[PDB]
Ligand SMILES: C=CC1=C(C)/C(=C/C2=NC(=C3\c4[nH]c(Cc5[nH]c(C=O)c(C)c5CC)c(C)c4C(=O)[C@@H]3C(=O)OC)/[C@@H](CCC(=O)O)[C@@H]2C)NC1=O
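First comes one chain, alone, set out as structure tokens in the form deposited without the named molecule.
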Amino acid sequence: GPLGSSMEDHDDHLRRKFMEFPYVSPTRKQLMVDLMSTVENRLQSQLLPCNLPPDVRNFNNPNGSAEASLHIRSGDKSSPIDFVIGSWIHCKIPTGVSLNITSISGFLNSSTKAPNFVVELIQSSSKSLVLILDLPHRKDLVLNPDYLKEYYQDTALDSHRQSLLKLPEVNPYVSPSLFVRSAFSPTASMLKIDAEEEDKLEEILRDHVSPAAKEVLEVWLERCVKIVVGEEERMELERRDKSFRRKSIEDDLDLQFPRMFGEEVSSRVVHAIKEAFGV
């Protein structure tokens, strides 16, 4: 290009579609762009290139009802990072209620025991947007009062949830899944945001959700990603990490995907994603 090499360099271009975030608002794709850019800019020296086949990075329902994009960058041999994953999912089928999901998860390996990172924006309905924003814990918080103190007390993580909840439009979200409730830290922002007034929703996303998410990511990068872990704790951590991932993707990959993308697309991608997700 005149101003650069995005449309020339293959790596940059493989994520161009991912970063397009076609099916969401300006404010929503802007948050996600900024978040994914920080992740990759900040961790570029320890992240392997995306090796997902083009076939798995972008896929769709041939009937045009559903479209997804996935961007995964594994950590290098010496990284505390296992992998980071950006995703978006679009499904507009039934009477016309279009499901939209944008998310970024960061997952640490055994060599550290520090918290993971998660943001998810999910709009299935039209009266509601769900925000999941957390640094989920990788150690039992009652057995380890010190872990709780340095990752959740010292870090003022709960200020972000208390802040967002003050808004009249923002109620607590309660997962029907007990695993979800257990897997997320006591400072997790699990929130429902009223969605039926685009101009106000947009204002809440840009003035409130965005600073909050950027600051949470800021502590993940600064206090979690930036003593050794012994072999007994390593196996504990790996058993725990594998449950959390499996359980987090299983029903979606196995039940939701064949519906959304037809069977042919599911059969092509589902295994490859479980592969990529270590499960």
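Just count from 1 along the sequence shown to find any residue number.
Heads up, the form solved in complex with the named molecule isn't pictured, but that's what we're talking about next.
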(message) Taking 4.5 angstroms as the heavy atom distance cut-off, pick the stretch from 199-207, 141-149, 168-176, 74-82 that is near the named molecule in the entry with it bound.
(response) 168-176
(request) Run the contact test on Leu70, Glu120 and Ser248 with a 4.5 Å heavy atom cut-off to the named molecule in the entry with it bound and return yes or no. (result) yes
(request) Considering only heavy atoms, tell me if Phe21 and the named molecule come within 4.5 Å of each other in the entry with it bound. (result) no
(request) Give a yes or no for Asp252: in the entry with it bound, does one of its heavy atoms lie within 4.5 Å of a heavy atom belonging to the named molecule? (result) yes
(message) Against the named molecule in the entry with it bound, would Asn109 count as a contact residue? Criterion: heavy atoms within 4.5 Å.
(response) no
(message) in the entry with it bound, is there a heavy atom of the named molecule that lies within 4.5 Å of any heavy atom of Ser87, even though the partner is absent here?
(response) yes
(request) Could you check which residue among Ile101, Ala114, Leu191, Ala195 gets a heavy atom within 4.5 Å of the named molecule in the entry with it bound? (result) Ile101
(message) Given a 4.5 Å distance limit between heavy atoms, list every residue of 258-279 close to the named molecule in the entry with it bound, or none if there are none.
(response) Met260, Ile273, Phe277
